[PDB]
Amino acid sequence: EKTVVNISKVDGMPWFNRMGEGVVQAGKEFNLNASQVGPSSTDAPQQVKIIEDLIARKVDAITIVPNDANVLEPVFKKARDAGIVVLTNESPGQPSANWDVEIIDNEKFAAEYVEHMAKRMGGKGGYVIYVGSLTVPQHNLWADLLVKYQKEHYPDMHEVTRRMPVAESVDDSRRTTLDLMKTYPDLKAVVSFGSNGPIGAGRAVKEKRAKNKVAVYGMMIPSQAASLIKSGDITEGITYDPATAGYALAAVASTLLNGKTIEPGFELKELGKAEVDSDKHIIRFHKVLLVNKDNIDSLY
């Protein structure tokens, strides 16, 4: 069978474990020898090393959620030059990827964050954004759009500080949330695009008994966030199922390895039709998931 290997941002995360379930499922469905490698840390050279080993192994396709788009470019070009398909998730515009695959529409996702935040604080107040790092591509693109949307809808909202690179750490997210709540009495919402961020922020909000005024929104695995969703310390997840991303990556790899070419009109039985931007080589699905007390038990 054709060999497909997915590479997460880092091992030891419920988010990426869920992704791997989708990879393994696609391997069954598409007759692939599929696997997922979790790096030992989020430092991008660890992903480069894994990719060098996969090129040496001469695998058929490498799929990856990059920690840094630019750090990986040379090794992605080395893979392509070797005849290996390179696919990303969370890296729209990655120059050497055959395609980037996304599970939500960026514009819509940002809007949903701001509208949900604005409703609860009456369109006025402070907020902050947590990102996984200052260079991770997709978190920063989402943050940029969220702020831009905010400024052209709710001028009485504002970032209390520039974005904080804490979203992959419960500790760092908790500490930052405690600090910012003490500093900014008008802080009313914390947004995290990393999945550990709402856990840390939610724990801080719980400790200070602050859930009435300080809302917490973000990306999350529902089961990991369940205790805090149920106690109201996490207000809402605005996210997607990363198993769908893992699956879609491997499904697109299958298409390409079978000699087919991706163009507008592309569809996956299990997902539906994607939008396909041939100029930027981005395949988008529209599968945003809202995680609230009302559906927390219906999820993974």
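In this text, residue numbers run from 1 along the sequence as written.
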| property | result |
| --- | --- |
| Which of 274-282 and 11-19 has higher mean CA B factor, as the PDB entry lists it | 274-282 |
| 46-54 versus 27-35 - which carries the larger mean C-alpha B factor in the record | 27-35 |
| Member of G202, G122, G218, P155 with the greatest C-alpha B factor (per the PDB record) | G122 |
| Given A250, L257, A243, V59, the residue at which the Cα B factor reaches its maximum | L257 |
| Within-chain third of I234 by Cα B-factor, per the entry | middle |
| Modelled-residue ranking by C-alpha temperature factor, third containing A118 | middle |
| Modelled-residue ranking by C-alpha temperature factor, third containing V4 | middle |
| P165 CA temperature factor, ranked by third within the chain | lowest |
| Within-chain third of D172 by Cα B-factor, per the entry | highest |
